[PDB]
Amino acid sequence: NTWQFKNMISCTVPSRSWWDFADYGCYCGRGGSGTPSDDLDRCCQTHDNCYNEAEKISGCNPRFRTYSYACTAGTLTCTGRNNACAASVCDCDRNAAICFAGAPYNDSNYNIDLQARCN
């Protein structure tokens, strides 16, 4: 559930919006390519690999799967009531939000020319 992923980012990095990560580096946003260019972006790359793995599960649609989780005072917890797919996806997003709140945000990396930077 792409939406739940947005809430997580806010739960760990309230000073920003997912938009700040919607077009950052080579891997954040959606499709990746080239060298991460940044720790923060490296986080996004891992997030993709995670989804690629989660997609091996039968009929698992990471983007649309609604999972069960909790954000309490900045802490993210994937709950137990999820099944194989929801559990895997929830974990990916959960790990990304933490990786996000741990990495510095380089404004000069927002909106770069993927053509001359991610080849």
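Just count from 1 along the sequence shown to find any residue number.
Set 69-77 against 87-95 and average the Cα temperature factors; 69-77 ends up higher. When the CA B factors of the chain's modelled residues are split into thirds, the value for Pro14 lands in the highest one.
Among all modelled residues in its chain, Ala54 ranks in the middle third by Cα B-factor. Among all modelled residues in this chain, the alpha-carbon of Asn119 has a temperature factor (C-alpha) in the highest third. Ranked within its chain, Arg42 lands in the middle third, by CA B factor from the PDB record. Residue-level temperature factors show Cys28 in the highest third of its chain, judged at the C-alpha atom.
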